[PDB]
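One chain comes next, on its own, written out as C-alpha cells in the form deposited in one PDB entry.
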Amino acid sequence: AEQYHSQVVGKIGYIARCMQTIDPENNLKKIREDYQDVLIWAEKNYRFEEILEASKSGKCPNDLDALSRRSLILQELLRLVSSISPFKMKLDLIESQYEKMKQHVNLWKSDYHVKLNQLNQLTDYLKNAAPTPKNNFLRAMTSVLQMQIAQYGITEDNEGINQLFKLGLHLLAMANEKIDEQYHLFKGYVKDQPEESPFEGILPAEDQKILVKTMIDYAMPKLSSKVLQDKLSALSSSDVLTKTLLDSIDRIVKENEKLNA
C-alpha cells in the first residue's frame, strides 16, 4: 500500500535525476515542458513525506506504469547522449530526437533502439581490446560513427551511418588471422566515403599516425625494388590518413606488378 506510493516518489525522482543528467543547465525547454508535471516536485524543496502524501492524494502524477513508460523514453535519450561521447549533439537536435522517440508507435522495436544497442556493443568491445590493426580499424570507424550520430541523429535514414555499423560489425566478426580481409575492408571504407581526411578532429593525432604507419607497413613487404620501397617510405611523412595517401600507395603497389611477371 504505502510501498506503492514510495515507488511513485522514487520514479518521480529518477525521472528528474535523468533530466538533470541530460540537461543540468536547463537548456532543453521543450523536453522539460513535457515533464514539468514530474520535475516540479524535485526542483522545489519538498520532503519525502510531502511527495508521498501528494501521490496518495493525487496532487502529483501517481500512475506508476505511466511514469515508467515516460521514464524509459527519457532514459533512451540519455543513452543517446552518453553513447556518442566524447562527441556532442547540439541542443535543437537533442530535442528533435526526443520528439521522434516520443512519437514512435513502438520505440523498443525501432531502429533507433537497435542502433544504440549495437553502438554500445562496439564501444564495450573496444574498452578492453588489444591495439591490433583490426581493433585500430574498428576504433577509428566507431569514432566516426559516434561523430556522425552526434551530427545527424539516430532516427533519420543515413546510408553512411548504416555502412559504418555494417563495416564495424564485420571487423568484429572477422578472425584475427584474416589480415588481408581486415585491410581490404578498412581501405575500402576510406576510399568509398566522401571525406578526403575522414579522421581529422575525430581521432587523436597519435592514433592517426598509427593508422598511417599501419598502411605503410602492410604494403612495404610486397615491393620488389628499393626504388618502389623509397617511394612508399616517402609517403610515411603524412601525419593523417587521407584518400590521396591510400591511392598513392595503390599506385606504388600497381607499379610493383611490372616487376612481377
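Only residues modelled in both forms are compared. Each residue number is its position in the shown sequence, starting from 1. Each form is matched to the other, and the largest set of C-alpha atoms that superpose within 1.5 Å is called the rigid core.
FYI, the form deposited in another entry isn't displayed, but the following is about it.
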Completion exercise
The residue to pick from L28, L223, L235, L203, given a Cα shift of 2 Å or more between the shown form and the other one after core fitting, is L28
Practice task
Kindly indicate if, in that other deposited form, the C-alpha atoms of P194 and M89 are closer or farther apart than in the structure shown, bearing in mind the change is 3 Å or more.
Solution key: farther
Completion exercise
Taking the shown form as reference, the Cα pair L119 and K11 shifts by 3 Å or more in that other deposited form and sits closer
Handout entry: Regions shifting between the shown form and the other one, defined as 3+ consecutive residues whose CA atoms all move 2 Å or more relative to the core
Key = 2 to 110
